[PDB]
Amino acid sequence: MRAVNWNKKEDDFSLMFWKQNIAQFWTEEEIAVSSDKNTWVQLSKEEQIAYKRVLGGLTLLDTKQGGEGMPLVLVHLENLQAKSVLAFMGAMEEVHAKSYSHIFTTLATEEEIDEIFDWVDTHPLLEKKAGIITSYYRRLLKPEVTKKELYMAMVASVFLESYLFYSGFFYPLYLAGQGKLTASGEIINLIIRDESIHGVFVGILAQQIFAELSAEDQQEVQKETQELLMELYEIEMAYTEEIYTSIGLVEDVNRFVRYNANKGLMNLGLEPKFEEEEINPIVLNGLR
């Protein structure tokens, strides 16, 4: 049985991603968020509700990526160096999820927080979205998987990392780009710095597997990938309508969703599917 041997490279990229994920290591204790209270209380009721709801959705996605997506993809990898990288990435999803609780503790009462997490658990669109992604992961709960199954789990992972988070990341970035909730915005920026490299790395692994598939299997997973992209898009457009209509930001968020969907596709080596548009300028300042 093989032990991981970093003296003999299994690929040309796992070491650099290992080092970069460690270099980016952080935990929530590093960013105090209490100073956000001064701008939090200046938001309207509708703005506060949107913020809490999107954070709840982000927590759900990170919960599933750390507890299902990364573990079940990594257990089926043959490349032990890449497995190492995915194990660290999965731990960082748990760090991310805990950081959202850290933000909640400053912005809400214990009762309000438990109300948000009940809203998340019972939400039909979040349940549908997370069920679509995790179905690909749970297909891997068997000893022998096909490369089509592993590839599509990696596609689902890239779409979560590079695309599904961004209807939620929009609002902390949009507020931070205006000087509102800037400490929470700093945390979200650390999270995005991690998810960006997560999506790139899993997309590399996916492209490697894709190249080993037969032409027939390649055609099949290309179809599944484009169908999954649009299945998720329909759900995302319903979600943005629900979250952002009250605060007048639906079309801005939809533009941002499409921009990031194109990035997810590019991480998989695929052509963009949505017309190119420039990021919202305030969001861009919030990333600055």
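The first residue of the sequence shown is number 1, and the count goes up from there.
Across the other compared structures of the same protein with both neighbouring residues present, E277 lacks coordinates in at least a third.
Stretches compared: 167 to 175, 182 to 190. Higher mean C-alpha B-factor in the entry: 182 to 190. For the segment pair 158 to 166 and 101 to 109, the entry gives 101 to 109 the higher mean B-factor, averaged over Cα atoms.
Residue-level inspection of the entry shows that, of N262, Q226, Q42, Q48, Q42 has the top Cα B-factor. Comparing C-alpha B-factors across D114, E149, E94, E195 in the deposited entry, the largest value falls on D114. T245: CA B factor lies in the middle third for its chain, per the PDB record. In the PDB entry, a CA B factor belonging to the middle third of its chain's modelled residues is recorded for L55. Split the chain's modelled residues into thirds by C-alpha temperature factor. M266 is in the lowest one. Among the modelled residues of its chain, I204 has a C-alpha B-factor that falls in the middle third, as given in the PDB entry.
Sort the modelled residues of the chain by CA B factor and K83 lands in the lowest third.
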